[PDB]
Amino acid sequence: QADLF
Amino acid sequence: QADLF
Amino acid sequence: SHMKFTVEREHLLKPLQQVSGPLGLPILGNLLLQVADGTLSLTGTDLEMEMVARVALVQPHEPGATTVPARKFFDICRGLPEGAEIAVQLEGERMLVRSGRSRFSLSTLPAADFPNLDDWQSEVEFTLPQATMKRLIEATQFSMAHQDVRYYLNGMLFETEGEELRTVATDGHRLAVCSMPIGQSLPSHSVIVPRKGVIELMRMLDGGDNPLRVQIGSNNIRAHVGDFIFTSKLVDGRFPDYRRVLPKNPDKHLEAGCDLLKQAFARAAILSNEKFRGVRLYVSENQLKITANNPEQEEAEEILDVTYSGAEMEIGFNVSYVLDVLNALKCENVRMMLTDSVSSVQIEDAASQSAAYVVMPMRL
Amino acid sequence: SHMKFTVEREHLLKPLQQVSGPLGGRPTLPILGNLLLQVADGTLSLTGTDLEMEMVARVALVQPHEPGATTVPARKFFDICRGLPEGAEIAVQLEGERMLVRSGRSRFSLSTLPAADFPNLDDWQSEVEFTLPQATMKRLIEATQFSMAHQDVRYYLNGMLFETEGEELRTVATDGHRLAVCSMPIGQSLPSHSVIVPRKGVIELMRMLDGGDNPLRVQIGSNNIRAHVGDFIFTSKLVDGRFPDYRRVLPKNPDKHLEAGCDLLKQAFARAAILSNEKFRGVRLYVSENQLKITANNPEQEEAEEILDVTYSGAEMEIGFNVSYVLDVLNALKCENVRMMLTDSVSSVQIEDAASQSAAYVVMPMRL
């Protein structure tokens, strides 16, 4: 999972 | 609790 | 060796849900699928019992067998749209499920590895309405023991006598007995069905008009309902005899409304000890007084108008056992038949003697 | 100090269930398991608290009463009242350190804790005030609540932003992987204000809305929020942190637009999810001319493939997502058609109802 911010 | 049998 | 079939989703859904019942070891998490001459057979097992469903195959098919994960297969079929055609085929060690432009490739385990119950012979056979079997189980199931060291109590007695089928359940503190006429002469036979088997048999009865056919062996019971076949192993041991458990001469008779009695016991239960659940009953002329107290010295008192003309007496009970009985008796009026402070009570529907309940008191 | 009241069961049941909302978890302080009961000039007040929030219900007393206050076990008191028959009259009075509950020939003696020991939220002053229909507040919370974090170390994410701007009330919720934003017109010019409501408070506030025609009055302070609905008053402390700015989270120029039926997209993702990894929940999306292909695989090498007809004219691309985050969005969008606005494989996606821009959803992808 990539971070949104 | 009393035993039934 | 190359199993293949095509079935409408709506003919697959109920059979998949049903056979999945015994589930909850790898192979044990799978359903056995078998295609042979116009029949798809689906089997689920936990080693103690097995559930089988038969689905007629009206579209071309190729014979064979495999085992597939039950939950994943059911969720796939359930998730497809209403009216979907489901094409299933074995491709090597994988089972393919195709419908529209949806494709699923499931892992499998060999059909030859699926466990079967041992071959057996039927001694007793009878048919009855589904609703009768449901009534019998529902009237007594709550009285079964759970994990008692006396193995034979963690189940339910199924007994044929004369023209009746009877169920008996007890945990050594309370007992429930129900019998129903089934319009056919039967041999005298008694078997203990394990509690998980009782739950599975209950779940297979939709209350519909498809009759239930029962077959009883020395070590097995089998129930046929529509396209479903349930088989369970039986429990060993000497089940208690309800005829000897029923109070000999319960001379003190109390009568009251079932709902009013149930609601008074349910309110008194709130302030009963969480561990012991003891309530105290005081019977006097046309009156019942229910009292409960807990370690915080909180107290509940209920006074009810009842029909009672006997001698005054005090008796203690576990309120959950009393409430279980009243909840099972889905009737207008209840009769409680008492002897003394140290003796069991018999409770029944004041209008029907088909079921009888026996509760041993507590020493408060 | 001789509290006494008599009330009809049906006037007591919904207020008891409501005020009990904030109670339930690890009951550390004993009095937190109790409801505060206060009788004063024609009113019975019932209060439940968990220290962070409080729920108050006011019951008009039409029968004689004597003023006072006590605290009583919430579950036992509610169960007693709920267990009494329809139409029962409930007479309650304090007798020493015990609270008595009488109805018909039913008598209950409950233990108490002093009303003087019941915790109250510190006195505060309202800065913002507005009224809106309950249905509008419900829509705002329901459109975003699922995107709040649970137990994140960035404590400001374990709640929901309540924001007033121009004539709108807006909610924002995010957990650092996905974000939900919804705004509705209030029909009143409002000052610009932003507060974080704790997640337990959001859920409770959500629970008190019956969607009914009773309007909702909101009051916002520096450290508190308060909602008045009919005879109920909910108050919560606010979360003191810097909430992310949705304006900076929304994809800058999502040039690749895909349109498809909401139900068809949701059912295809829900079937593909069955064969996704149980821990990581990864699905792979391949977009091509008027087509979406969804694939999922798990460690057992099982595979699900869904092909859908969609509206799409952009460049071909592959993108991975946690399927639960996608399904959450589609489940929240209770509409006919959806629009997914894409940039590239490493960038967030914006999802919305193709017919309404009132709510917007942003999901960060997974590395394929």
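Each chain gets a letter, A, B and so on, in the order the sequences are listed, and its residues count up from 1.
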Looking at CZ of C:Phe74 and CD1 of D:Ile274, how far apart are the two atoms once the value is rounded to the nearest 0.5 Å?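 Result: 10.0 Å between the selected atoms.
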Can you tell me how far apart CG (D:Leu275) and CZ (C:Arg103) are? Round to the nearest 0.5 Å.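 D:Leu275 atom CG to C:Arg103 atom CZ measures 11.0 Å (nearest 0.5 Å).
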Tell me, side chain or backbone of C:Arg94 under 4.5 Å from chain D's heavy atoms, or both, or neither? side chain
Locate the shortest heavy-atom distance separating C:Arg267 from D:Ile80; write the atom from each residue and the value. CD-O, 4.3 Å
State whether the number of non-hydrogen atoms from other residues, nucleotides or ligands found under 6.0 Å of [X] atom [atom1] is greater than 12.
X	atom1	result
D:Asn331	CG	yes
C:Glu274	CD	no
D:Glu289	CD	no
C:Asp305	CG	no
D:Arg75	CZ	no
D:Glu318	CD	yes
C:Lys252	NZ	yes
C:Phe276	CZ	no

Please classify the contact of [X] with chain C as side chain, backbone, both or neither, using a heavy-atom distance under 4.5 Å.
X	value
D:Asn298	side chain
D:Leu308	neither
D:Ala304	both

For chain C, which of D:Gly83, D:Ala268, D:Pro85 has the most heavy-atom pairs under 4.5 Å?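 Highest number of heavy-atom pairs under 4.5 Å: D:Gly83.
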Could you tell me whether the side chain of D:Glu305 reaches within less than 4.5 Å of the side chain of C:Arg101, counting heavy atoms only? no
Applying side chain to side chain donor-acceptor pair (under 3.5 Å) between D:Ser111 and each of C:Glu296, C:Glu298, C:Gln297, report the one that passes.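 So the option named by the test is C:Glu298.
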Checking side-chain polar atoms at under 3.5 Å, does D:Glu306 have a donor or acceptor matched by the opposite partner on C:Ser102?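 Yes, a side-chain donor-acceptor pair sits under 3.5 Å.
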